[PDB]
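> This is the structure I have questions about; it appears just below.
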Amino acid sequence: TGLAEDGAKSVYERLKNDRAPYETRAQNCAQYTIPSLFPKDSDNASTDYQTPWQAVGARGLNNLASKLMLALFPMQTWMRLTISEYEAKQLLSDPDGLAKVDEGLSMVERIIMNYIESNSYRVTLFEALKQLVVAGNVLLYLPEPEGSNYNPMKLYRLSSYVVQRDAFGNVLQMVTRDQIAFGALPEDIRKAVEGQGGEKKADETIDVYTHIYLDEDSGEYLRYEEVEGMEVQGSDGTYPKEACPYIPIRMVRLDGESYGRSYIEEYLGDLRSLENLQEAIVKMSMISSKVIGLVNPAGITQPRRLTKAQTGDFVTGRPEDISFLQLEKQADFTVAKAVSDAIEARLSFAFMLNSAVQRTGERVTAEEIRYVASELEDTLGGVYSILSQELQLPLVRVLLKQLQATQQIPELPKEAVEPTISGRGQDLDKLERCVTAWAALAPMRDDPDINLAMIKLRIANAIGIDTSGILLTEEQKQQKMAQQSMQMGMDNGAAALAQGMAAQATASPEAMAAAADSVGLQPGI
Amino acid sequence: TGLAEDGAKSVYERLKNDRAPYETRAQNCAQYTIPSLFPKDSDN
């Protein structure tokens with residue numbers, strides 16, 4: 001049908017004239033740091049990428065993309081599923097069932113970490129974080145599993161997608177551009193391309209578009225793929241608003257523009273000035289590198305004898321005729337060096353590398369004083385804080401849906417939500433701290449006055465551990481007092497009759513021969 | 001049979017003109033680090 005917005009190949013073309021501000025920023029912004037990261041895409045093989053004269057942008061990007069990956073995504077359990085605790089108390093008989101629910105929530109949070117690591121999501125997120133530094137603005141598509149086989153996720157680094165969003169935060173429509181070759185197309189698309197007509201080469205590429213527009217009269221998204229034809233008839237997906245496999249990530253958020261900025265465009269002016277120094281220092285060393293022999297032409301020394309002489313010949317002439325053209329700028333090389341060492345000093349804090357070689361340095365700064373490296377962690381804490389909303393939560397809310405449909409996860413009952421805690425964490429440390437406070441109460445087990453039954457509740461109240469699996473309740477002890485007794489009942493009892501039977505089993509020796517026959521032993525002993 | 005793509009000796013020759021960007025990069029790129037690692041292969 002007409003499908004209320006048309007056409008998807010032209011929605012990409014109307015809004016391709018909106019990437020061109022951000023795209024020509026990133027082509028400039030990758031030129032100074034690392035040119036292989038975001039090409040101009042009027043680029044082929046060959047177009048060799050000249051290294052920038054400065055190597056701080058190449059340094060301070062890998063040292064910032066990895067320190068985001070190490071901080072956003074540690075190897076352990078970076079998400080956790082909080083059940084709403086008061087609504088968990090109502091629907092359940094306390095207290096054993098409550099932690100039994102949290103074992104099912106500890107079940108799921110390990111399966112996702114066994115799903116993320118076993119599908120190389122760590123790879124394509126690190127390729128995402130390098131795009132988020134240089135350009136921002138990457139959407140990565142999480143396809144349906146269709147089995148327990150290998151399932152990566154494809155990203156699109158702003159030269160292959162288009163989104164359009166509001167001045168308000170929500171997304172209106174997305175267009176992604178593939179260039180899948182004809183032999184490599186999926187099976188339903190090859191029926192549509194052949195259904196369009198005309199034979200194709202095995203290696204000819206096809207601009208395959210998607211269109212993920214927000215629906216008329218319903219809050220969910222509609223998603224249809226297309227070719228040069230209208231649709232592909234495997235198209236329509238009813239993606240809900242909160243769970244769509246296409247999520248556009250965003251380095252630093254700015255309203256109400258459609259895309260996001262990047263982090264390293266906020267220092268791209270400063271790299272532009274630091275390369276212009278480092279271009280000049282190197283070129284001053286190249287005039288230096290040339291060795292010109294200035295012969296004083298009012299002198300005696302002809303170098304017709306200086307060249308053709310051997311290892312140690314005696315030659316005519318004065319030494320003060322032969323001087324060499326040397327590069328001047330002794331007091332000028334230090335001006336351009338001390339500024340370039342000051343600009344690298346104030347970019348090395350902007351990026352998360354430590355203060356390092358590029359000074360005298362001269363540390364004596366020792367030894368507990370380098371806890372001010374935590375100032376780099378706090379400055380790092382301001383960097384990804386936007387990104388934990390934009391990437392880190394929608395990547396879980398998609399995987400909580402897609403694993404329900406493929407039955408690789410239990411259907412969690414509509415009430416559990418997740419924070420991206422940088423990981424408990426709070427459940428471990430608050431349990432570990434109240435143990436040591438209760439361990440100080442150990443010499444008070446014989447004190448007749450202190451209510452140790454209450455102090456252990458007060459520390460469990462001061463430290464915010466919950467309660468009610470925390471202490472033995474009213475009944476709960478007559479069972480426990482019996483178990484020490486039933487132990488000593490079974491212990492003294494089994495030691496009684498075994499001494500009781502075997503003493504009288506062998507006395508008046510005819511009974512000893514009768515006792516051995518019951519086991520089946522003949523008269524051996 | 002015809003095997004739907006032909007011939008394999010010419011698929012190598014059509015696309016040998018696509019290595020020549022990367023190949024002449026690596027011949028330059030090994031020249032500066034260690035020249036024994038990637039020869040020009042007009043080399044004996």
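Each chain of the structure tokens is named A, B, ... in the order shown, its residues numbered from 1; ligands are numbered from 1 in display order.
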So which residues of stretch 84-194 of chain A fall under helix (DSSP H, G or I) by DSSP, listed as a ChimeraX atom specification?
/A:85-90,96-119,121-134,187-194
> Keeping only N, CA and C atoms, take the residues you just selected and write them out as a compact mmCIF listing (two decimals), in the first residue's frame.

```txt
# COMPACT_ATOMS: atom_id res chain seq x y z
N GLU A 85 10.81 -4.27 45.04
CA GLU A 85 10.91 -5.09 46.24
C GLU A 85 9.59 -5.14 47.01
N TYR A 86 8.85 -4.03 47.06
CA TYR A 86 7.59 -4.04 47.79
C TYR A 86 6.52 -4.84 47.05
N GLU A 87 6.50 -4.75 45.72
CA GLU A 87 5.60 -5.60 44.96
C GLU A 87 6.07 -7.04 44.91
N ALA A 88 7.33 -7.30 45.24
CA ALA A 88 7.77 -8.68 45.41
C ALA A 88 7.37 -9.24 46.76
N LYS A 89 7.23 -8.38 47.78
CA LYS A 89 6.76 -8.85 49.08
C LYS A 89 5.28 -9.20 49.05
N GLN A 90 4.50 -8.52 48.21
CA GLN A 90 3.06 -8.73 48.21
C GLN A 90 2.70 -10.05 47.53
N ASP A 96 12.12 -16.92 51.93
CA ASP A 96 12.95 -17.77 51.09
C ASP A 96 12.64 -17.56 49.61
N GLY A 97 11.38 -17.27 49.29
CA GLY A 97 11.01 -17.03 47.91
C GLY A 97 11.59 -15.76 47.32
N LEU A 98 11.92 -14.78 48.17
CA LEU A 98 12.43 -13.51 47.68
C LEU A 98 13.81 -13.66 47.05
N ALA A 99 14.73 -14.29 47.77
CA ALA A 99 16.04 -14.55 47.18
C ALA A 99 15.99 -15.62 46.11
N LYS A 100 14.97 -16.48 46.14
CA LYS A 100 14.77 -17.43 45.05
C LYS A 100 14.42 -16.70 43.76
N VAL A 101 13.69 -15.59 43.86
CA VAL A 101 13.46 -14.73 42.70
C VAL A 101 14.76 -14.09 42.24
N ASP A 102 15.56 -13.60 43.19
CA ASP A 102 16.84 -12.99 42.84
C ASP A 102 17.86 -14.00 42.34
N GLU A 103 17.63 -15.30 42.53
CA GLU A 103 18.46 -16.27 41.83
C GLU A 103 18.06 -16.37 40.37
N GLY A 104 16.77 -16.26 40.08
CA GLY A 104 16.33 -16.16 38.70
C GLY A 104 16.78 -14.88 38.04
N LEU A 105 16.95 -13.82 38.83
CA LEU A 105 17.53 -12.60 38.29
C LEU A 105 19.05 -12.69 38.20
N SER A 106 19.68 -13.49 39.05
CA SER A 106 21.09 -13.82 38.85
C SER A 106 21.27 -14.88 37.79
N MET A 107 20.21 -15.61 37.46
CA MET A 107 20.24 -16.53 36.34
C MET A 107 20.37 -15.76 35.03
N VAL A 108 19.49 -14.78 34.83
CA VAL A 108 19.38 -14.09 33.55
C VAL A 108 20.61 -13.22 33.29
N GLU A 109 21.10 -12.54 34.33
CA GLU A 109 22.22 -11.62 34.16
C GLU A 109 23.53 -12.33 33.85
N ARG A 110 23.60 -13.64 34.06
CA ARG A 110 24.76 -14.41 33.61
C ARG A 110 24.58 -14.94 32.20
N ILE A 111 23.34 -15.21 31.80
CA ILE A 111 23.08 -15.73 30.46
C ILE A 111 23.31 -14.65 29.42
N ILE A 112 22.94 -13.40 29.75
CA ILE A 112 23.19 -12.29 28.85
C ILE A 112 24.68 -12.02 28.71
N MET A 113 25.42 -12.11 29.82
CA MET A 113 26.87 -11.99 29.76
C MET A 113 27.50 -13.18 29.06
N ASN A 114 26.84 -14.34 29.07
CA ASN A 114 27.25 -15.45 28.23
C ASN A 114 26.71 -15.35 26.82
N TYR A 115 25.81 -14.40 26.56
CA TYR A 115 25.34 -14.15 25.21
C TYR A 115 26.13 -13.04 24.54
N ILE A 116 26.49 -12.02 25.32
CA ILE A 116 27.26 -10.90 24.79
C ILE A 116 28.68 -11.34 24.44
N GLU A 117 29.31 -12.11 25.32
CA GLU A 117 30.69 -12.50 25.09
C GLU A 117 30.80 -13.57 24.01
N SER A 118 29.78 -14.39 23.84
CA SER A 118 29.82 -15.48 22.88
C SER A 118 29.27 -15.10 21.52
N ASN A 119 28.98 -13.82 21.29
CA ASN A 119 28.58 -13.34 19.98
C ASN A 119 29.42 -12.16 19.52
N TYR A 121 30.03 -9.27 20.89
CA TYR A 121 29.50 -7.93 21.09
C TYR A 121 30.57 -7.01 21.67
N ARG A 122 31.59 -7.58 22.32
CA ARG A 122 32.69 -6.76 22.83
C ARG A 122 33.49 -6.14 21.69
N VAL A 123 33.50 -6.80 20.53
CA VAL A 123 34.24 -6.28 19.40
C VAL A 123 33.53 -5.08 18.80
N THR A 124 32.29 -5.26 18.38
CA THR A 124 31.56 -4.23 17.66
C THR A 124 31.12 -3.08 18.56
N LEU A 125 31.14 -3.25 19.87
CA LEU A 125 30.99 -2.09 20.74
C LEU A 125 32.28 -1.30 20.86
N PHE A 126 33.43 -1.96 20.78
CA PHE A 126 34.66 -1.20 20.77
C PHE A 126 34.86 -0.50 19.43
N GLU A 127 34.38 -1.10 18.34
CA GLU A 127 34.32 -0.34 17.10
C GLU A 127 33.28 0.76 17.17
N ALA A 128 32.25 0.59 18.00
CA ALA A 128 31.29 1.66 18.18
C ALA A 128 31.88 2.79 19.00
N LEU A 129 32.63 2.47 20.06
CA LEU A 129 33.17 3.52 20.92
C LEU A 129 34.26 4.33 20.22
N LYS A 130 34.94 3.75 19.23
CA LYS A 130 35.88 4.55 18.47
C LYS A 130 35.15 5.50 17.52
N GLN A 131 33.98 5.10 17.03
CA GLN A 131 33.17 6.02 16.24
C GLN A 131 32.54 7.08 17.11
N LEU A 132 32.16 6.73 18.34
CA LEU A 132 31.54 7.71 19.22
C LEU A 132 32.51 8.78 19.68
N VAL A 133 33.81 8.49 19.72
CA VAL A 133 34.78 9.52 20.04
C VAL A 133 34.97 10.47 18.87
N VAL A 134 35.25 9.93 17.68
CA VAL A 134 35.56 10.75 16.51
C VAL A 134 34.32 11.49 16.03
N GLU A 187 17.51 -14.53 1.03
CA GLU A 187 16.74 -15.34 0.09
C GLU A 187 15.47 -14.65 -0.37
N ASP A 188 14.78 -13.95 0.54
CA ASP A 188 13.55 -13.27 0.16
C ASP A 188 13.82 -12.03 -0.68
N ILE A 189 15.01 -11.45 -0.56
CA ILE A 189 15.32 -10.25 -1.34
C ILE A 189 15.66 -10.62 -2.78
N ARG A 190 16.28 -11.78 -2.99
CA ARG A 190 16.62 -12.23 -4.34
C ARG A 190 15.38 -12.53 -5.16
N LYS A 191 14.29 -12.94 -4.49
CA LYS A 191 13.03 -13.10 -5.19
C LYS A 191 12.42 -11.76 -5.56
N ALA A 192 12.77 -10.70 -4.84
CA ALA A 192 12.24 -9.38 -5.17
C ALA A 192 13.07 -8.70 -6.25
N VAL A 193 14.38 -8.94 -6.26
CA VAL A 193 15.23 -8.34 -7.29
C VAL A 193 15.01 -9.02 -8.63
N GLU A 194 14.96 -10.36 -8.63
CA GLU A 194 14.52 -11.09 -9.82
C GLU A 194 13.08 -10.76 -10.16
```
> Please, which residues of chain B lie no more than 12 Å from chain A when the count uses only C-alpha atoms, and can they be set out as a VMD selection string?
chain B and resid 4 to 6 11 17 to 26 28 to 29
> Which residues are near residue A:177? Cut-off 8 Å, only C-alpha atoms, ignore same chain within fewer than 4 positions. Put them as a ChimeraX atom specification.
/A:160-161,207-210
> Would you list the contacts of residue A:263 as a list in words, taking every protein, DNA or RNA residue within 9 Å and counting only C-alpha atoms, but skipping same-chain residues closer than 2 positions in sequence?
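Listing them by chain and then by number gives residues 132, 133, 134, 135, 136, 251, 252, 261, 265, 266, 267 and 383 of chain A.
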> Point out the residue among A:3, A:81, A:230, A:455 with the least atom-to-atom distance to residue A:393, counting only C-alpha atoms.
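Residue with the minimum atom-to-atom distance to residue A:393: A:81.
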